[PDB]
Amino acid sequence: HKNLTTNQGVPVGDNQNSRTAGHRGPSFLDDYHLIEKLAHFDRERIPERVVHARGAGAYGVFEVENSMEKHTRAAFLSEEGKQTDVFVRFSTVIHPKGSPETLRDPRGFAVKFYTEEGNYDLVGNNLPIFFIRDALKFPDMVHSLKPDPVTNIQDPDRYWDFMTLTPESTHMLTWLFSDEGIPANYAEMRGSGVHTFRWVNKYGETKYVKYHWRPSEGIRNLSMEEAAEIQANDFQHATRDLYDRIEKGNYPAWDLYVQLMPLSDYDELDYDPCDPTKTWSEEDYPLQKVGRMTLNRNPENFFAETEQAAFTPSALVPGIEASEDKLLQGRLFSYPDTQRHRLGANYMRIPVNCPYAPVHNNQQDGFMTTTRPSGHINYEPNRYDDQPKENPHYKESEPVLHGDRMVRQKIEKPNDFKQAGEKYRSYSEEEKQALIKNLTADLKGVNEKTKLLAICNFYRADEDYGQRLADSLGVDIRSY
């Protein structure tokens, strides 16, 4: 048995009645419990994430099967059997909190590894490429996909206007308008790092790397019809499914694979290996198994742990570095930036965000300083041998720059259409029919000029693709 109390620790005499002038009179200002309780209720909410607002979290463990020391000095990958705790958040993208999990969208697949050398965030999606290749375009892309700023309803005419004028999107749309645009749930789902990263070993040798998560539950997708049937009765089915599997002991898992590519292979590929609109061939760059992640624990509080979770692609650990991918480069900035706004300057002290590794530095103060700081010395260099100092064993690599000027210019070999065609031809006939169907339903109401340009981009990917879509939309493409 426990007393209800105020936040001052005073036991509450009456949690039912306001303080009033007699039993039916107006309410007095001197009712600290009422005002405190209502005032905190009035401040429960924080801004939702600007994208990926809808999602669900879980904790688990990553275990190494094959040590990666030949290729990276990353501590958490250094030996067979090494276990690292994770927190993972899965998500949709475009719509707000509360939106259904039956909508078409990439799915987020964000993994935080609590390593001995710091927290490493691999902020992935299910699909292995993206719509754009430069972060400067991201608020534009998002804005076109988001509900219309007047109507508050998503409008295909808007995002297809953007996408069609942004032909590098063509590969991505060829994945997203398959039925893999609606995963059945978060467990029966692919994961991808999407970007190329750099792996750096103890000799300072660098390889390019891509990451892939393969579900133990397999990949399963929903047709537009299957999605509607679920949406009718449950707008949070994926969140429900994740929690329920874990509560029942049916723990979902993913095997982590990598592809590894020499830096020098740039110059002979007909695409840029750091163009995130591109995948690498699995015949030429085979998947190499690293280990397995099992999710086995539900959070204790959704707001405190899942809503407040902060991941960033710039949370890199020794041995794992960014590539020059211009999309990734903006993400390095944007995540901690938005987090400072969404969560507070001190967001890294929220428990789910805290490292397991020691934190010692000369930062101070900021809203909601709860960590009981002490000491006189908050500056470096200083005369004190016991105060924290830099450790040169932990310098990052020095990537070679091939450019000689500060420029704003598109990458060479954009090759916007080739892999979209390859993906299209890789589909089964049943999968091609679904792609055309889903695209037709999406395009049939859009501005005729935009609809033609869409068809033309898919035609440039593959002639059969573009002709089938034109036929299905009733568009005459003879004059082109």
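For every residue, the number given is its place in the sequence shown, counted from 1.
- Stretches 47-55 and 432-440 differ in mean C-alpha B factor, with the higher average recorded for 432-440.
- Legend: mean Cα B-factor per stretch from the PDB entry, 423-431 versus 410-418; the higher mean is in 423-431.
- The PDB entry gives the largest Cα B-factor of the residues 89, 195, 240, 248 to 248.
- Among 82, 331, 341, 95, the highest C-alpha B-factor in the deposited entry belongs to 82.
- Remark: residue 131 belongs to the middle third of its chain, ranked by C-alpha B-factor as recorded.
- Residue 263: CA B factor lies in the highest third for its chain, per the PDB record.
- Residue 166: CA B factor lies in the middle third for its chain, per the PDB record.
- Sort the chain's modelled residues by C-alpha temperature factor and residue 8 lands in the lowest third, per the entry.
- Split the chain's modelled residues into thirds by C-alpha temperature factor. Residue 199 is in the middle one.
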